[PDB]
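Residue numbers (the entry's author numbering), protein chains in the order written: chain A, 20 to 269, 439 to 689; chain B, 3 to 344; chain C, 3 to 344. The C-beta atom is built at its ideal place from N, Cα and C for all residues, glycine as well. First the structure, in the form of structure tokens, and then the observations on it.
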Amino acid sequence: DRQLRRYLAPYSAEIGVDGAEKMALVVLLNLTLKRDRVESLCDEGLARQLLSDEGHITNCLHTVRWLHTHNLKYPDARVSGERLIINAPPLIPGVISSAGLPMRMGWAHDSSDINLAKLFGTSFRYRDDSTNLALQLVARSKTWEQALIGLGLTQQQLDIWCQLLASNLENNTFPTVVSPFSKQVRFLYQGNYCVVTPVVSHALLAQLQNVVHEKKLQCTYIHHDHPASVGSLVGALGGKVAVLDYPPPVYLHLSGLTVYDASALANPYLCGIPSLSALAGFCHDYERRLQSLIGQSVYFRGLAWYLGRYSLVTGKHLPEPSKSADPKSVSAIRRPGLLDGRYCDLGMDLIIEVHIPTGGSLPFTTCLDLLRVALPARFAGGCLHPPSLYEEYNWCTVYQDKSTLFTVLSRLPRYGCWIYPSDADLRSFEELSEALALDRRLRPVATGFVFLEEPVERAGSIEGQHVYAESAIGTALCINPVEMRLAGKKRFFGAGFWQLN
Amino acid sequence: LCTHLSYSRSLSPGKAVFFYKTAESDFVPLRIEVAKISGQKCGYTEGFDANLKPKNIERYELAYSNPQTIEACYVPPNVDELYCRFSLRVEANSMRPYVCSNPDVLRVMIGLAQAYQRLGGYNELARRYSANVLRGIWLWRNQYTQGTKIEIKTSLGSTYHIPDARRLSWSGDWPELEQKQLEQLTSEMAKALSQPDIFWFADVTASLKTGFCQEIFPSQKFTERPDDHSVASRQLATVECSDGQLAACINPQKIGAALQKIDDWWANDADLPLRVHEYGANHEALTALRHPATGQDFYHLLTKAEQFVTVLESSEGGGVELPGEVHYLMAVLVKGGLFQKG
Amino acid sequence: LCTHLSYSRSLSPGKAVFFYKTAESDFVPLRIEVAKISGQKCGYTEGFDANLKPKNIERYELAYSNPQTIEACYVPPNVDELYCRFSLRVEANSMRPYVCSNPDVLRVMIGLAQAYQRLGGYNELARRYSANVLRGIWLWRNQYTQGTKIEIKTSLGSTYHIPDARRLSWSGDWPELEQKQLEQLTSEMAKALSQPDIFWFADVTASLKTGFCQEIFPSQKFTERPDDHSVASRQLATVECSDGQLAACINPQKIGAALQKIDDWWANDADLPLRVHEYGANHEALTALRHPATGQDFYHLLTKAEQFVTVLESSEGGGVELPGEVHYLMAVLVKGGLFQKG
DNA sequence: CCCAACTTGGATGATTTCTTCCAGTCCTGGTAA
DNA sequence: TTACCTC
């Protein structure tokens, strides 16, 4: 029955094998063959025959060297180098992450080990905990060894394997250099800059594939070409991976801004409102440009976000032919590869809280011109433009009064959205499911990164220290213009502004 | 050189939209429609196998139709003019590397950009970009009209007007009161490209006089083959208007590829100009004009900067001395990208 | 042959719209009606099975009606003349491959089109296309009028007038003053087909003198199988006017299928012409005249181009010496498409 | 300005829901010996 | 210079 293969798949709930160790070794060994050659995973004879083939088992033992907890190749098969094995970070009350999940491993090396990797990398429930075959043999678990010798293995063959099998899990747990095809982004940390490289958690993604189908959550699917070249889970899922889909229900004042082709996929787990880490980023690049123009110190305490238009764009971009078919003696150009992403067009206003340290300020026309010049051209991976020239008004006004500014903001069209920070603390997708079932204003968002290690010096870093991290999933509220007309200026200026830390 | 070096793009456009006017409202969008058609069974593998070995089918088997689903777009009856427009911003952003892993490489790239600026040369790039705007080649396959007018406004207050764009060539000399506007536009752009702290923004509109129900050609989407047979095989690009309706459009990078088609520096024989590319890619012929084997590509040339700066510094300037290799390189830096592993 | 080879479409109409005039306004659209009818229970399988015992039905079971939903279209009372209108553009676009991956194939295809042009031959194709416009065969099933008057205007200032098109044959000699206009129109088009950068348009209107409430036959939709008993089994095509009304029309490719029906070069017996097709498909008899098994199709012929150029070059030309195989090939290149995977 | 605004008895019968044959491609991967 | 594989 195909249901046995389903329950042993990385995307299914784990099953118990206590008292069945003999048939568990038979089924797990039988999985190393192509489906076309096997009439049943339960034939003891085939298993006894496969076990005697030291070459077949040796080829299987070799796959252990690339078992991982986090997958550096997930979004792009071109990444080359070492595996990554790290214990989940400490739990943060306000963030959904792998911190609340038990320990699990997966596999991803040359794309030809799909079957041979299944003997040691397949997990199951045993002694009421989560384990796999490699761990039970390395730990010298006698019940499994007694069944394995009973199935025809020589004690001397087991005594050697325990050593080689253990050795493959004792080194190469952290990459030596930063790989040339990895991502690098930099922010301020403890008064200085650090480069962050995100990575996807195996345990966290595999759980999400089950929860969205069981709890009936809003979701879509992302495609991957050549699934065998990306990983255990992506292959098992046939190249289609599910993600969450939660779109919105649609002092310096910047009005009428238009963004073309913004990235609608915030993190590999969630589609919806663009990642908040990107807006914090934007505020700062804008601040640095202005600071190089005005001699006085200028600093941004907070940043607010308003949504007037939100349109999803279908399809995907075609890459430029930047790769020669052959390095020499060939006059043919090839396409690097294709990715499956999601994009949208935005219309939005920003209200920035600008502060000048010096006692004497520069509230002049000159500074308004410099505020127009400093404005970046890039936003959320897309292209940012001012309102069209033929209908231009003062899109860059400045207020030094909360009463005048709030009065003007209360006049905004009723079909738009203000996005506010949330209060609720969520530690799992199941808690998120309940919070979303109860409210109608609540949406999940990407909020930032959680570190896997302390910052260090590492070859390949763009600037200063380097650290690995996993994406942080949090939440936000969508508030109608009608609700703040009634809440008052007091609540708006206390709750309506976002900051880092 | 060094492990990492890269530039971002200095010249970026918007999304173009098609619309028309009525006596009742100033902005009505042009929209697309979807329909079932009866196709033909033709082409190889339909009748031949291997290398011209007929396959065994009966005579009547090719007389059958092949149905298909497509999207299409036509101008409705009695509309005299169709209008199209887009926005453009230009930044002086080739003066500094986005990233660079080596201070010794960095000071040299800076030296070169400046050595070039003061001898002239930005005028040359500006003249070429300006010509492509006023010619109208960014309409691609929609240039076949009974008359085309182009109008441009900028943030500095200037206005330009081409009474009829259908005759302006790449090579040649323009009519009076047209040649002159090209000179004036060149000046605004040549500055915008190289001097920082100037905000510049342009708004380009054009009008097309058309036939009774002429077909219109907007950008096409990239898609998977549907498995349903109820979903279109050829889907067209549209933009959402402020009122919620959809309209036909041309994608930003499709407008962009047209504006930068200025490279007629290859092989000392101008022909037609190429889209700037590090390897000289030629899409029509499926080949490359600056194959690495020739020594004419960007990556070989990127290593001669020390020699070029030396010449630029020794030259008097203001003349015609700047070589093809220096102009080429500056054009590539303008279309910034990744130049790593050097 | 080679992997990539494509040509574009060099000759094309927009769509045709039916309308009439009144004393107050110059453009009133013809519209369609929707209705339920009572049909017949008839035809084989109604009463038979594999032509054996005719089932087990009582005599009364076939007397019952079969209801259906259809769309229909009639001219309203007291309208004396109905008008039909469309526009046509022609491009000199068979002189060069849109895409070609093989430089040796490319030089030959160019040499051939040029060798052909200068010996005559575009005149021949122009005459054949021109005859079909003036004859009126693009009205399909609506030719049964009390009188058909055809008027044509072009972008060069010419005007043509056929007072009554109902009787001009494919084969025969046209009466005087009509033979003359066929020659003049041929000349304008012969140029449009072969000289680049001429922006040529034609604008064709015909008048139909009709019956009291005569039925009209516009294009049908190709529809999905119904199962809701609510959707019409037969649906007609319309266009949306700028004011929101719908009007009856004929599709672009339906007009085109008629204009390009000029192929009587097979079997040494002209008969009636076929729509140009790589395999010589005949829809009336459900067969194919240039089946690959005969050696008469496009693909066999495409491989002999080197030999045809050689012959043309050795010939004198200007006369009637060009063979059927060369004319066929040029006609196919005019209706461009994909010719690939050699 | 100012005052009113209506109860009742009732809402169909017969039998039928069609057919023919078709469903196009091509360029776009890492990894090992 | 050659091939080997994901429901």
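Against chain C, with Cβ distances strictly below 9 angstroms, would residue i count as a contact?
i: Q42 of chain B; result: yes
i: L114 of chain B; result: no
Drop a sphere of 10 angstroms on the beta-carbon of residue i, count the other beta-carbons inside from all chains shown, and report buried for 16 or more, exposed for fewer.
i: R120 of chain B; result: exposed
i: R530 of chain A; result: buried
i: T305 of chain B; result: exposed
i: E93 of chain B; result: buried
i: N270 of chain C; result: exposed
i: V262 of chain A; result: buried
i: residue 424 of chain A; result: There are no atomic positions for residue 424 of chain A here, as chain A continues from 269 directly to 439.
i: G174 of chain C; result: exposed
i: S8 of chain B; result: exposed
i: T47 of chain C; result: exposed
i: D265 of chain C; result: buried
For a test of the three-state rule: what should DSSP assign to residue i, helix, strand or coil?
i: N144 of chain C; result: helix
i: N80 of chain C; result: coil
i: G113 of chain B; result: helix
i: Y26 of chain A; result: helix
i: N125 of chain B; result: helix
i: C75 of chain B; result: coil
Do we get a CB-CB distance below 9 angstroms when we pair residue i with the residues of chain A?
i: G339 of chain B; result: yes
i: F21 of chain B; result: no
i: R227 of chain B; result: no
i: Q342 of chain B; result: yes
i: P56 of chain B; result: no
Answer with yes or no whether the minimum CB distance from residue i to chain B is below 9 angstroms.
i: residue 2 of chain C; result: Since the first and last residues shown for chain C are 3 and 344, residue 2 of chain C lies out of range.
i: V77 of chain C; result: no
i: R530 of chain A; result: no
i: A290 of chain C; result: yes
i: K504 of chain A; result: yes
i: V215 of chain A; result: no
i: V262 of chain A; result: no
i: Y212 of chain A; result: no
i: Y281 of chain C; result: yes
Can you tell me the Cβ-Cβ gap for residue i and residue j, rounded? I've got them flagged as a contact below 8 angstroms.
i: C532 of chain A; j: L500 of chain A; result: 5 angstroms
i: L127 of chain B; j: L195 of chain B; result: 7 angstroms
i: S649 of chain A; j: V197 of chain A; result: 6 angstroms
i: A133 of chain B; j: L184 of chain B; result: 7 angstroms
i: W202 of chain C; j: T156 of chain C; result: 7 angstroms
i: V542 of chain A; j: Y474 of chain A; result: With a Cβ gap of about 11 angstroms, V542 of chain A and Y474 of chain A do not count as contacting.
i: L558 of chain A; j: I482 of chain A; result: 6 angstroms
i: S220 of chain A; j: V98 of chain A; result: No, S220 of chain A and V98 of chain A are not in contact; Cβ-Cβ is about 16 angstroms, not under 8 angstroms.
i: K337 of chain B; j: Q262 of chain B; result: 6 angstroms
i: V633 of chain A; j: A454 of chain A; result: 7 angstroms
i: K223 of chain B; j: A249 of chain B; result: So it is not a contact: roughly 15 angstroms between Cβ atoms.
Is it true that the CB of residue j sits closer than 9 angstroms to the CB of residue i?
i: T24 of chain B; j: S244 of chain C; result: yes
i: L303 of chain C; j: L291 of chain C; result: no
i: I257 of chain C; j: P220 of chain C; result: no
i: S598 of chain A; j: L630 of chain A; result: no
i: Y494 of chain A; j: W606 of chain A; result: yes
i: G140 of chain A; j: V83 of chain A; result: yes
i: residue 383 of chain A; j: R205 of chain A; result: Between 269 and 439, chain A has no modelled residues, and residue 383 of chain A is one of the positions in that gap.
i: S27 of chain B; j: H573 of chain A; result: no
i: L288 of chain B; j: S103 of chain C; result: yes
At a threshold of 8 angstroms, does residue i count as lining the ligand SAM (C-beta to nearest heavy atom)?
i: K23 of chain B; result: Of the ligands one can find in the structure shown there are none, so the ligand SAM has no counterpart to examine.
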